[PDB]
$ cat query_28.tsv   # TSV, N, CA and C atoms
chain	number	residue	atom	x	y	z
A	1	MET	N	166.70	70.58	128.94
A	1	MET	CA	167.54	69.98	127.92
A	1	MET	C	167.97	71.02	126.89
A	2	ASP	N	167.71	70.76	125.61
A	2	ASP	CA	168.10	71.70	124.57
A	2	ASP	C	166.92	72.28	123.80
A	3	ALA	N	166.11	71.43	123.17
A	3	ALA	CA	164.98	71.93	122.38
A	3	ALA	C	163.91	72.53	123.28
A	4	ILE	N	163.78	72.00	124.50
A	4	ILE	CA	162.74	72.47	125.41
A	4	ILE	C	162.94	73.94	125.76
A	5	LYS	N	164.19	74.34	126.00
A	5	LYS	CA	164.47	75.74	126.31
A	5	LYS	C	164.09	76.64	125.15
A	6	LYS	N	164.44	76.25	123.92
A	6	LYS	CA	164.11	77.07	122.76
A	6	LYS	C	162.61	77.18	122.58
A	7	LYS	N	161.89	76.07	122.79
A	7	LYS	CA	160.43	76.12	122.68
A	7	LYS	C	159.83	77.04	123.73
A	8	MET	N	160.37	77.00	124.95
A	8	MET	CA	159.92	77.93	125.98
A	8	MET	C	160.18	79.37	125.56
A	9	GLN	N	161.34	79.63	124.96
A	9	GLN	CA	161.65	80.98	124.52
A	9	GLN	C	160.67	81.45	123.45
A	10	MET	N	160.30	80.56	122.53
A	10	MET	CA	159.28	80.91	121.55
A	10	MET	C	157.95	81.25	122.23
A	11	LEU	N	157.55	80.41	123.18
A	11	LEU	CA	156.31	80.66	123.91
A	11	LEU	C	156.36	81.96	124.68
A	12	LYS	N	157.54	82.39	125.10
A	12	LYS	CA	157.70	83.67	125.78
A	12	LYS	C	157.70	84.86	124.83
A	13	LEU	N	158.27	84.70	123.63
A	13	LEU	CA	158.20	85.76	122.63
A	13	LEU	C	156.75	86.03	122.24
A	14	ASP	N	155.98	84.96	122.03
A	14	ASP	CA	154.55	85.13	121.81
A	14	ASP	C	153.89	85.85	122.98
A	15	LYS	N	154.29	85.50	124.21
A	15	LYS	CA	153.73	86.16	125.38
A	15	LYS	C	153.97	87.65	125.35
A	16	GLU	N	155.22	88.06	125.14
A	16	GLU	CA	155.55	89.47	125.16
A	16	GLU	C	154.81	90.22	124.06
A	17	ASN	N	154.80	89.66	122.85
A	17	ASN	CA	154.16	90.36	121.74
A	17	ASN	C	152.66	90.50	121.96
A	18	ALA	N	152.00	89.43	122.40
A	18	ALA	CA	150.56	89.50	122.64
A	18	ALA	C	150.24	90.49	123.75
A	19	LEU	N	151.00	90.45	124.85
A	19	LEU	CA	150.73	91.35	125.96
A	19	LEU	C	150.94	92.80	125.56
A	20	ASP	N	152.01	93.08	124.82
A	20	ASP	CA	152.28	94.44	124.37
A	20	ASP	C	151.17	94.93	123.45
A	21	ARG	N	150.72	94.08	122.52
A	21	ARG	CA	149.64	94.47	121.64
A	21	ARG	C	148.36	94.75	122.41
A	22	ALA	N	148.06	93.92	123.41
A	22	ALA	CA	146.87	94.15	124.23
A	22	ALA	C	146.95	95.49	124.95
A	23	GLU	N	148.09	95.78	125.56
A	23	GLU	CA	148.24	97.04	126.28
A	23	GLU	C	148.11	98.23	125.34
A	24	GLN	N	148.74	98.14	124.16
A	24	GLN	CA	148.66	99.24	123.20
A	24	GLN	C	147.24	99.45	122.72
A	25	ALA	N	146.51	98.36	122.45
A	25	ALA	CA	145.12	98.50	122.05
A	25	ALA	C	144.28	99.13	123.15
A	26	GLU	N	144.54	98.77	124.41
A	26	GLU	CA	143.79	99.36	125.51
A	26	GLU	C	144.05	100.86	125.61
A	27	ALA	N	145.31	101.27	125.44
A	27	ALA	CA	145.63	102.70	125.42
A	27	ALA	C	144.93	103.40	124.26
A	28	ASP	N	144.89	102.75	123.10
A	28	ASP	CA	144.19	103.32	121.95
A	28	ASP	C	142.71	103.52	122.25
A	29	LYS	N	142.08	102.53	122.88
A	29	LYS	CA	140.67	102.66	123.23
A	29	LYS	C	140.44	103.82	124.19
A	30	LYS	N	141.30	103.94	125.20
A	30	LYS	CA	141.17	105.04	126.14
A	30	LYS	C	141.25	106.38	125.43
A	31	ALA	N	142.26	106.55	124.56
A	31	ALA	CA	142.42	107.81	123.85
A	31	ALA	C	141.24	108.11	122.94
A	32	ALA	N	140.79	107.10	122.18
A	32	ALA	CA	139.71	107.32	121.23
A	32	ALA	C	138.41	107.67	121.94
A	33	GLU	N	138.11	106.97	123.04
A	33	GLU	CA	136.87	107.26	123.76
A	33	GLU	C	136.93	108.65	124.41
A	34	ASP	N	138.10	109.05	124.91
A	34	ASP	CA	138.21	110.41	125.43
A	34	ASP	C	137.96	111.44	124.34
A	35	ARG	N	138.52	111.20	123.15
A	35	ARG	CA	138.25	112.08	122.02
A	35	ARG	C	136.76	112.19	121.74
A	36	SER	N	136.08	111.04	121.67
A	36	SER	CA	134.66	111.04	121.34
A	36	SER	C	133.85	111.80	122.38
A	37	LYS	N	134.13	111.58	123.67
A	37	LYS	CA	133.34	112.23	124.70
A	37	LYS	C	133.60	113.73	124.75
A	38	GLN	N	134.84	114.17	124.50
A	38	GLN	CA	135.08	115.60	124.42
A	38	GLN	C	134.34	116.23	123.24
A	39	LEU	N	134.30	115.53	122.10
A	39	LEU	CA	133.52	116.03	120.98
A	39	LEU	C	132.04	116.14	121.32
A	40	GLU	N	131.52	115.15	122.05
A	40	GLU	CA	130.12	115.18	122.46
A	40	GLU	C	129.84	116.37	123.38
A	41	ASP	N	130.77	116.66	124.30
A	41	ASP	CA	130.61	117.83	125.16
A	41	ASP	C	130.61	119.12	124.35
A	42	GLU	N	131.50	119.21	123.35
A	42	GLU	CA	131.49	120.38	122.47
A	42	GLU	C	130.16	120.51	121.75
A	43	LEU	N	129.60	119.39	121.29
A	43	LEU	CA	128.28	119.40	120.66
A	43	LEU	C	127.21	119.92	121.62
A	44	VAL	N	127.27	119.49	122.88
A	44	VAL	CA	126.29	119.94	123.87
A	44	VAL	C	126.39	121.44	124.08
A	45	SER	N	127.61	121.96	124.22
A	45	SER	CA	127.78	123.40	124.39
A	45	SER	C	127.26	124.15	123.17
A	46	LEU	N	127.45	123.59	121.97
A	46	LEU	CA	126.90	124.23	120.78
A	46	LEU	C	125.38	124.24	120.80
A	47	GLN	N	124.76	123.16	121.28
A	47	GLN	CA	123.31	123.14	121.41
A	47	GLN	C	122.83	124.24	122.35
A	48	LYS	N	123.52	124.41	123.48
A	48	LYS	CA	123.12	125.44	124.44
A	48	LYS	C	123.30	126.84	123.85
A	49	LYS	N	124.41	127.06	123.13
A	49	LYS	CA	124.61	128.35	122.48
A	49	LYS	C	123.53	128.61	121.44
A	50	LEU	N	123.15	127.58	120.68
A	50	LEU	CA	122.05	127.72	119.74
A	50	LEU	C	120.77	128.09	120.46
A	51	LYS	N	120.55	127.51	121.65
A	51	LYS	CA	119.36	127.83	122.43
A	51	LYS	C	119.36	129.29	122.86
A	52	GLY	N	120.50	129.79	123.32
A	52	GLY	CA	120.59	131.20	123.67
A	52	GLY	C	120.36	132.10	122.48
A	53	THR	N	120.91	131.74	121.32
A	53	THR	CA	120.68	132.51	120.10
A	53	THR	C	119.21	132.50	119.71
A	54	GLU	N	118.54	131.35	119.88
A	54	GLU	CA	117.12	131.27	119.59
A	54	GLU	C	116.31	132.16	120.53
A	55	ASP	N	116.72	132.24	121.80
A	55	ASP	CA	116.03	133.13	122.74
A	55	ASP	C	116.19	134.59	122.35
A	56	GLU	N	117.41	135.01	122.02
A	56	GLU	CA	117.60	136.39	121.59
A	56	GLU	C	116.86	136.67	120.29
A	57	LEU	N	116.80	135.67	119.40
A	57	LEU	CA	116.04	135.79	118.17
A	57	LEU	C	114.55	135.96	118.45
B	1	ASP	N	210.32	17.79	134.44
B	1	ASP	CA	210.22	17.44	135.86
B	1	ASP	C	209.13	18.26	136.54
B	2	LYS	N	209.39	18.69	137.77
B	2	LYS	CA	208.40	19.39	138.56
B	2	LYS	C	208.27	20.87	138.20
B	3	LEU	N	209.15	21.39	137.35
B	3	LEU	CA	209.16	22.83	137.07
B	3	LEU	C	208.05	23.22	136.09
B	4	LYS	N	207.69	22.31	135.18
B	4	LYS	CA	206.88	22.69	134.03
B	4	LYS	C	205.42	22.91	134.41
B	5	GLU	N	204.87	22.08	135.31
B	5	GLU	CA	203.49	22.27	135.73
B	5	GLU	C	203.31	23.60	136.44
B	6	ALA	N	204.37	24.14	137.02
B	6	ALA	CA	204.37	25.46	137.63
B	6	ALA	C	204.58	26.57	136.61
B	7	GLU	N	205.51	26.37	135.67
B	7	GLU	CA	205.76	27.39	134.65
B	7	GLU	C	204.53	27.62	133.78
B	8	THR	N	203.82	26.55	133.43
B	8	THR	CA	202.64	26.68	132.60
B	8	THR	C	201.58	27.56	133.26
B	9	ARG	N	201.24	27.28	134.52
B	9	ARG	CA	200.25	28.10	135.21
B	9	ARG	C	200.79	29.51	135.47
B	10	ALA	N	202.09	29.63	135.72
B	10	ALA	CA	202.68	30.94	135.95
B	10	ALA	C	202.49	31.84	134.74
B	11	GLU	N	202.74	31.30	133.55
B	11	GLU	CA	202.54	32.10	132.34
B	11	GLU	C	201.06	32.24	132.00
B	12	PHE	N	200.24	31.25	132.39
B	12	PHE	CA	198.79	31.40	132.28
B	12	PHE	C	198.32	32.63	133.05
B	13	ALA	N	198.95	32.90	134.20
B	13	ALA	CA	198.50	33.97	135.07
B	13	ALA	C	198.78	35.37	134.52
B	14	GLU	N	199.92	35.57	133.84
B	14	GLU	CA	200.36	36.92	133.51
B	14	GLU	C	199.40	37.61	132.54
B	15	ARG	N	199.12	36.95	131.41
B	15	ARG	CA	198.23	37.54	130.42
B	15	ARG	C	196.82	37.71	130.96
B	16	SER	N	196.34	36.75	131.75
B	16	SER	CA	195.02	36.88	132.36
B	16	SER	C	194.97	38.09	133.29
B	17	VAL	N	196.02	38.30	134.08
B	17	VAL	CA	196.07	39.44	134.99
B	17	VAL	C	196.05	40.74	134.20
B	18	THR	N	196.86	40.81	133.14
B	18	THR	CA	196.89	42.02	132.32
B	18	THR	C	195.54	42.30	131.68
B	19	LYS	N	194.89	41.25	131.16
B	19	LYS	CA	193.59	41.43	130.51
B	19	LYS	C	192.53	41.87	131.52
B	20	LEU	N	192.55	41.28	132.72
B	20	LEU	CA	191.60	41.68	133.74
B	20	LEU	C	191.81	43.13	134.15
B	21	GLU	N	193.07	43.54	134.31
B	21	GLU	CA	193.35	44.94	134.65
B	21	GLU	C	192.85	45.87	133.55
B	22	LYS	N	193.10	45.52	132.29
B	22	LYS	CA	192.65	46.35	131.19
B	22	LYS	C	191.13	46.45	131.17
B	23	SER	N	190.45	45.32	131.36
B	23	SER	CA	188.99	45.31	131.33
B	23	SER	C	188.41	46.16	132.45
B	24	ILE	N	188.93	46.00	133.67
B	24	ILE	CA	188.39	46.76	134.80
B	24	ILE	C	188.67	48.24	134.62
B	25	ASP	N	189.85	48.59	134.10
B	25	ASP	CA	190.17	50.00	133.86
B	25	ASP	C	189.22	50.60	132.83
B	26	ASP	N	189.00	49.91	131.72
B	26	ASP	CA	188.12	50.44	130.68
B	26	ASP	C	186.69	50.55	131.17
B	27	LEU	N	186.23	49.56	131.94
B	27	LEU	CA	184.88	49.61	132.49
B	27	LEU	C	184.73	50.78	133.45
B	28	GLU	N	185.74	51.02	134.28
B	28	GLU	CA	185.71	52.16	135.18
B	28	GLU	C	185.67	53.47	134.40
B	29	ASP	N	186.43	53.55	133.31
B	29	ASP	CA	186.40	54.75	132.48
B	29	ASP	C	185.01	54.99	131.90
B	30	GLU	N	184.38	53.94	131.38
B	30	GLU	CA	183.02	54.07	130.88
B	30	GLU	C	182.08	54.51	131.99
B	31	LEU	N	182.26	53.96	133.19
B	31	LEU	CA	181.40	54.30	134.31
B	31	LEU	C	181.51	55.79	134.64
B	32	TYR	N	182.74	56.31	134.67
B	32	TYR	CA	182.93	57.72	134.98
B	32	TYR	C	182.33	58.60	133.89
B	33	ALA	N	182.50	58.20	132.62
B	33	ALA	CA	181.89	58.97	131.54
B	33	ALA	C	180.38	59.02	131.68
B	34	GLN	N	179.76	57.88	132.00
B	34	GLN	CA	178.31	57.84	132.18
B	34	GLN	C	177.89	58.69	133.38
B	35	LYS	N	178.70	58.67	134.45
B	35	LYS	CA	178.40	59.50	135.61
B	35	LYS	C	178.38	60.98	135.23
B	36	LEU	N	179.38	61.41	134.46
B	36	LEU	CA	179.43	62.80	134.02
B	36	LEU	C	178.24	63.14	133.14
B	37	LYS	N	177.86	62.23	132.25
B	37	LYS	CA	176.69	62.45	131.41
B	37	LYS	C	175.42	62.59	132.24
B	38	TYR	N	175.25	61.72	133.24
B	38	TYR	CA	174.07	61.78	134.10
B	38	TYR	C	174.01	63.08	134.87
B	39	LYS	N	175.15	63.49	135.44
B	39	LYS	CA	175.21	64.77	136.13
B	39	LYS	C	174.87	65.91	135.18
B	40	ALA	N	175.33	65.82	133.93
B	40	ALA	CA	175.01	66.86	132.95
B	40	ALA	C	173.52	66.93	132.67
B	41	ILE	N	172.86	65.77	132.57
B	41	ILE	CA	171.41	65.76	132.36
B	41	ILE	C	170.70	66.42	133.53
B	42	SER	N	171.12	66.07	134.75
B	42	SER	CA	170.55	66.73	135.93
B	42	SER	C	170.80	68.23	135.88
B	43	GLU	N	171.98	68.64	135.42
B	43	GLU	CA	172.30	70.05	135.32
B	43	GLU	C	171.39	70.76	134.34
B	44	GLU	N	171.13	70.15	133.19
B	44	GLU	CA	170.26	70.76	132.20
B	44	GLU	C	168.85	70.94	132.75
B	45	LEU	N	168.31	69.88	133.37
B	45	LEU	CA	166.97	69.98	133.94
B	45	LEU	C	166.90	71.05	135.02
B	46	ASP	N	167.88	71.06	135.92
B	46	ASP	CA	167.85	72.00	137.03
B	46	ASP	C	168.06	73.43	136.55
B	47	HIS	N	168.89	73.61	135.53
B	47	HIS	CA	169.08	74.94	134.95
B	47	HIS	C	167.79	75.44	134.32
B	48	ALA	N	167.06	74.56	133.63
B	48	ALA	CA	165.76	74.97	133.09
B	48	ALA	C	164.82	75.37	134.21
B	49	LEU	N	164.75	74.56	135.27
B	49	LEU	CA	163.86	74.86	136.38
B	49	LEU	C	164.23	76.18	137.05
B	50	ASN	N	165.53	76.42	137.23
B	50	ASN	CA	166.03	77.63	137.88
B	50	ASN	C	165.88	78.87	137.02
B	51	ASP	N	166.04	78.76	135.70
B	51	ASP	CA	165.87	79.92	134.84
B	51	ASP	C	164.40	80.30	134.71
B	52	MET	N	163.53	79.34	134.38
B	52	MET	CA	162.12	79.68	134.25
B	52	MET	C	161.53	80.11	135.59
B	53	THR	N	161.37	79.16	136.51
B	53	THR	CA	160.89	79.40	137.87
B	53	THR	C	159.75	80.41	137.94
B	54	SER	N	158.90	80.44	136.91
B	54	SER	CA	157.90	81.49	136.70
B	54	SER	C	158.58	82.82	136.41
B	55	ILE	N	158.06	83.57	135.44
B	55	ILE	CA	158.69	84.81	135.03
B	55	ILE	C	157.68	85.95	135.02
$ encode --input "query_28.tsv" --output "structure tokens"
Amino acid sequence: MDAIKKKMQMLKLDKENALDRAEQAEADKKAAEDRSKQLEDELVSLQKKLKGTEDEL
Amino acid sequence: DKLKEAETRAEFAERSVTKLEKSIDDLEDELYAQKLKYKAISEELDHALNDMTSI
């Protein structure tokens, strides 16, 4: 009819916005966790370098 | 004499015929308008079904 189509369009705008926000948040989580794990690896390498310095000391 | 009983019904017939023709014509016009409206309602429903059809 008439109002039904508009209501469907509203329900679809909500769909697109929610789905886009979900995808963007998922990408953000992936990027942030990769950052954290690379920092942790850098920390590990620093621990090993400290160990080598302690041995030479 | 014998002419008047015929003339009376003869003139009775003309206006009745015209009124019946007018009534049937107007009723047919209303019928066609309602038919177009009904087809339009079917068109709206089917257009909604065809556009959405899962997206």
$ interface_residues --input "query_28.tsv" --of "chain A" --to "chain B" --cutoff "8 Å" --atoms "all atoms listed in the file" --output "PyMOL selection string"
chain A and resi 1-2+4-5
$ atom_distance --input "query_28.tsv" --atom1 "atom C of residue 54 of chain B" --atom2 "atom N of residue 19 of chain A"
15.8 Å
$ atom_distance --input "query_28.tsv" --atom1 "atom CA of residue 49 of chain B" --atom2 "atom CA of residue 6 of chain A"
13.8 Å
$ atom_distance --input "query_28.tsv" --atom1 "atom N of residue 24 of chain A" --atom2 "atom CA of residue 12 of chain A"
17.1 Å
$ axis_aligned_box --input "query_28.tsv" --around "segment 19-30 of chain A" --padding-each-side "5 Å" --output "JSON"
{"center_x": 146.4, "center_y": 98.4, "center_z": 124.0, "size_x": 21.8, "size_y": 25.9, "size_z": 14.6}
$ decode --input "query_28.tsv" --residues "segment 36-47 of chain B" --atoms "N, CA and C atoms" --output "PDB file, in the first residue's frame"
ATOM      1  N   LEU B  36     -11.266  -0.619 -11.356  1.00  0.00           N
ATOM      2  CA  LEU B  36      -9.946   0.000 -11.450  1.00  0.00           C
ATOM      3  C   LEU B  36      -9.320   0.159 -10.071  1.00  0.00           C
ATOM      4  N   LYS B  37     -10.120   0.558  -9.083  1.00  0.00           N
ATOM      5  CA  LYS B  37      -9.612   0.686  -7.720  1.00  0.00           C
ATOM      6  C   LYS B  37      -9.121  -0.655  -7.176  1.00  0.00           C
ATOM      7  N   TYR B  38      -9.892  -1.719  -7.407  1.00  0.00           N
ATOM      8  CA  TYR B  38      -9.511  -3.051  -6.938  1.00  0.00           C
ATOM      9  C   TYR B  38      -8.222  -3.517  -7.595  1.00  0.00           C
ATOM     10  N   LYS B  39      -8.121  -3.326  -8.911  1.00  0.00           N
ATOM     11  CA  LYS B  39      -6.887  -3.661  -9.609  1.00  0.00           C
ATOM     12  C   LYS B  39      -5.718  -2.863  -9.054  1.00  0.00           C
ATOM     13  N   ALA B  40      -5.948  -1.593  -8.716  1.00  0.00           N
ATOM     14  CA  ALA B  40      -4.888  -0.770  -8.142  1.00  0.00           C
ATOM     15  C   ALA B  40      -4.428  -1.316  -6.797  1.00  0.00           C
ATOM     16  N   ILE B  41      -5.371  -1.764  -5.964  1.00  0.00           N
ATOM     17  CA  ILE B  41      -4.998  -2.349  -4.675  1.00  0.00           C
ATOM     18  C   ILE B  41      -4.155  -3.602  -4.887  1.00  0.00           C
ATOM     19  N   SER B  42      -4.575  -4.456  -5.824  1.00  0.00           N
ATOM     20  CA  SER B  42      -3.772  -5.629  -6.151  1.00  0.00           C
ATOM     21  C   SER B  42      -2.388  -5.220  -6.641  1.00  0.00           C
ATOM     22  N   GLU B  43      -2.319  -4.148  -7.429  1.00  0.00           N
ATOM     23  CA  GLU B  43      -1.041  -3.664  -7.936  1.00  0.00           C
ATOM     24  C   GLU B  43      -0.132  -3.212  -6.803  1.00  0.00           C
ATOM     25  N   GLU B  44      -0.682  -2.484  -5.833  1.00  0.00           N
ATOM     26  CA  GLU B  44       0.127  -2.018  -4.711  1.00  0.00           C
ATOM     27  C   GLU B  44       0.679  -3.191  -3.916  1.00  0.00           C
ATOM     28  N   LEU B  45      -0.184  -4.162  -3.598  1.00  0.00           N
ATOM     29  CA  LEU B  45       0.272  -5.326  -2.844  1.00  0.00           C
ATOM     30  C   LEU B  45       1.346  -6.090  -3.609  1.00  0.00           C
ATOM     31  N   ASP B  46       1.112  -6.325  -4.900  1.00  0.00           N
ATOM     32  CA  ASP B  46       2.048  -7.118  -5.684  1.00  0.00           C
ATOM     33  C   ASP B  46       3.360  -6.375  -5.887  1.00  0.00           C
ATOM     34  N   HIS B  47       3.301  -5.052  -6.040  1.00  0.00           N
ATOM     35  CA  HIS B  47       4.517  -4.257  -6.149  1.00  0.00           C
ATOM     36  C   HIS B  47       5.328  -4.328  -4.867  1.00  0.00           C
TER      37      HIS B  47
END
